[PDB]
C-alpha cells in the first residue's frame, strides 16, 4: 500500500502505509525521509486538512492515493490547552483573539462543540467574548479544558 505525498514544486514523497496508520505516523515518516519537522507539516486530501489523531482509513485513503503537503514557518504566540487526562494541545493564537475563537480552534483539532467546552485559567471559567489579553493569557500559558456536565 503506497501513497504519494506531493509538495508545492511537484516533488513526490512516496510512502508505504497501512489503513490503521495515523496522520501523525505519516508525518513522522515524512520527517524521517525528508527531514521536515512534523509541526511544520500540513497534509491535505480531498480538500480536507488531515488531523494527527485520525487514520488513513478514516479519511478513505487507499492504494496510490495522492496527498498534498503544505509547509509552515510559524509565528510567535503559542498557548497550551490541557485536558485532565493529560493531553496537551498546543495552539497558535494572538492577544486580541477571543475565547470563542480559541474554542473554534479546539473544535477543529478535537471534534468538540464549543458549547460543551469549559476553559479554565487563573481559577476562572473563561468567557466566550473576552480576549486572551483581558485574562492576561500569555506565551506558553496553559488553559485547562474540561467538558460540559
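Residue numbers count along the first chain shown, from 1.
For this session: Taking the mean of the C-alpha B-factors per stretch from the entry, tell me the winner out of 62-70 and 80-88.
Result: So the stretch with the higher mean C-alpha B-factor is 80-88.
Exercise. Hey, which bit's got the bigger mean C-alpha B factor in the entry, 109-117 or 94-102?
Worked result: Averaging CA B-factors over each stretch, the winner is 109-117.
For this session: Consider only the C-alpha atoms of the modelled residues in this chain, order them by B-factor as the entry records it, and name the third containing residue 140: lowest, middle or highest.
Result: Lowest third.
Exercise. Within this chain, which third does the Cα B-factor at residue 25 fall in: lowest, middle or highest?
Worked result: Lowest third.
For this session: Rank-wise, by C-alpha B-factor, drop residue 41 into the lowest, middle or highest third of its chain.
Result: As the PDB entry reports it, the C-alpha B-factor of residue 41 lands in the lowest third of its chain.
Exercise. Ranked by Cα temperature factor within the chain, is residue 5 in the lowest third, the middle third or the highest third?
Worked result: As the PDB entry reports it, the C-alpha B-factor of residue 5 lands in the lowest third of its chain.
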